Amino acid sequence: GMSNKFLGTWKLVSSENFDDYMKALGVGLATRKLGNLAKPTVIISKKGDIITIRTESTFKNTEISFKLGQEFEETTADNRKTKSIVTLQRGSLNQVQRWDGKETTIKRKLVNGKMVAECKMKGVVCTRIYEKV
């Protein structure tokens, strides 16, 4: 189901509109500044049917592990506690995070060998491109 082409180590090379996304999330200024400077490495691995996404940066490291279609609790890098679910749709790995009464999505898709993460919260859309390394 999940392309084994997602598996590996990915390095952020381009980020667009991420400041606005973080602002939408209520991330404060000092954290936004560091957040915008970060160029995370994302490591995607699979163990059976459990996918792990590890995000590594000087500022913050996060790690989520899940099975597709199974709701899980996540503590995000900005310390939201969300109820999250990851599914595949059309080859894209779609992550929905819900908390209080909000929702944000992170879609990860492979585009010509690169991984493109689109982060969306209502009208705010970020695009983050990663290179496989």
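One rule holds for the numbers: they count along the sequence shown, beginning at 1.
As listed in the deposited structure, the average C-alpha B-factor of 66-74 and of 53-61 is greater for 66-74. Of the two segments, 7-15 and 118-126, the one listed with the higher mean B-factor is 118-126 (C-alpha atoms only). Considering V86, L29, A38, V42 together, the PDB entry gives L29 the largest C-alpha B factor. When the modelled residues of the chain are ordered by C-alpha B-factor, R108 sits in the lowest third. In the PDB entry, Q95 places in the lowest third of its chain by CA B-factor.
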